[PDB]
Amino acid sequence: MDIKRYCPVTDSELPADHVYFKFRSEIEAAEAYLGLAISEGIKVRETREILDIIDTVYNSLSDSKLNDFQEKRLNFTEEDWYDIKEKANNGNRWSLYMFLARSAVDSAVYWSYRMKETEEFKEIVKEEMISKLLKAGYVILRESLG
């Protein structure tokens, strides 16, 4: 009667109303936008590196560890100054897909905290992982502006 849905992180059935699924749909959106950025032919190496970092961090909820080079990259990166409008008016597609991906990462962060206040995820979601998702978003930002 109460709709349930498979969660791969707990290997269980959760209520379909769960915030998990909202979190996941933001991660997937982020990766889908990085895919659209990959599809543009601009900056292919740096867009695939950041996709790799996000998927590794994302899969750390159930497994998946960054190497040393890619943690340096996140801990080196602060969040820079920007004006979204200027990137929008020109309409460079690669850079707009990057921004959409950052928007999605930022939403995933928001939901990842809401997730962390549920019984099923209080012990699985660690602020370390959240801090890496956040820094990955800061990388996207710096790359889109470059």
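All residue numbers are counted from 1 along the displayed sequence.
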Inset, instruction - Quick one: classify how much of the deposited chain lacks coordinates between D63 and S64, choosing none, 1 to 3, 4 to 9, or 10 or more. - result: 1 to 3
Legend entry - Stretch with the higher entry mean CA B-factor, where the candidates are 106-114 and 76-84: 76-84
Inset, instruction - Higher average CA B factor in the deposited record is what I'm after, so tell me if that's 32-40 or 65-73. - result: 65-73
Legend entry - Chain-relative CA temperature factor third for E119: highest
Legend entry - Record-listed C-alpha B factor of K126: chain third: highest
